[PDB]
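First up is the structure itself, then whatever we jot down about it.
Here the Cβ positions follow ideal geometry from the backbone for every residue, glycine too, while neighbour counts run over all protein chains shown. Just so you know, all these numbers are worked out from the coordinates, no wet-lab data involved.
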Amino acid sequence: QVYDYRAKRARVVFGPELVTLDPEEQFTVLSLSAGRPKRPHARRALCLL
Amino acid sequence: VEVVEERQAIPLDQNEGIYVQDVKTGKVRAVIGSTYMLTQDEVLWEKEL
């Protein structure tokens with residue numbers, strides 16, 4: 001998902017479609033719990049599964 | 001008449017701009033959006049966080 005500061009509007013997308021941002025649009029980066037077992041901040045990624 | 005200073009282009013977009021001040025009356029205001037050259041009296045004003 002990405003939020004547009006210019007349109008003041010978020011938009012979400014998934015599946016086999018590449019994103020193409022407007023200049024004010026920004027990715028919704030997401031922290032993940034990774035590490036060998038678990039860890040509150042590790043392998044941060046915007047690509048939620 | 002005599003030249004004083006050369007105003008230059010000040011590129012601007014939506015959700016972007018600069019603070020300025022009307023020296024004739026002290027009127028500070030934040031111009032935004034479309035590109036805007038300073039008028040005859042307005043001057044750059046500085047924010048203080």
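Does at least one position in the range A:5-22 carry a residue that is within 14 Å of another protein chain (Cβ to nearest Cβ), in contact with a strand residue (DSSP E or B) (Cβ under 9 Å, 6 or more places away or on another chain), among the aromatic types (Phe, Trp, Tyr) and free of Cβ contacts under 8 Å to residues at least 60 places away in the same chain?
Checked against the condition, which is being within 14 Å of another protein chain (Cβ to nearest Cβ), in contact with a strand residue (DSSP E or B) (Cβ under 9 Å, 6 or more places away or on another chain), among the aromatic types (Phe, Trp, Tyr) and free of Cβ contacts under 8 Å to residues at least 60 places away in the same chain, the range A:5-22 yields at least one hit.
Remark: residue B:24 falls outside the filter, which requires a residue to be in a loop (DSSP other than H, G, I, E, B), out of contact with any helix residue (DSSP H, G or I) (no Cβ under 8 Å at 6 or more places or on another chain), under 24 Å from residue A:24 (Cβ atoms) and more than 14 Å from every other protein chain (Cβ to nearest Cβ).
Counting only strands (runs of 3 or more DSSP E) that sit completely within chain A, those holding 2 or more residues that are among the charged types (D, E, K, R) correspond to A:9-11.
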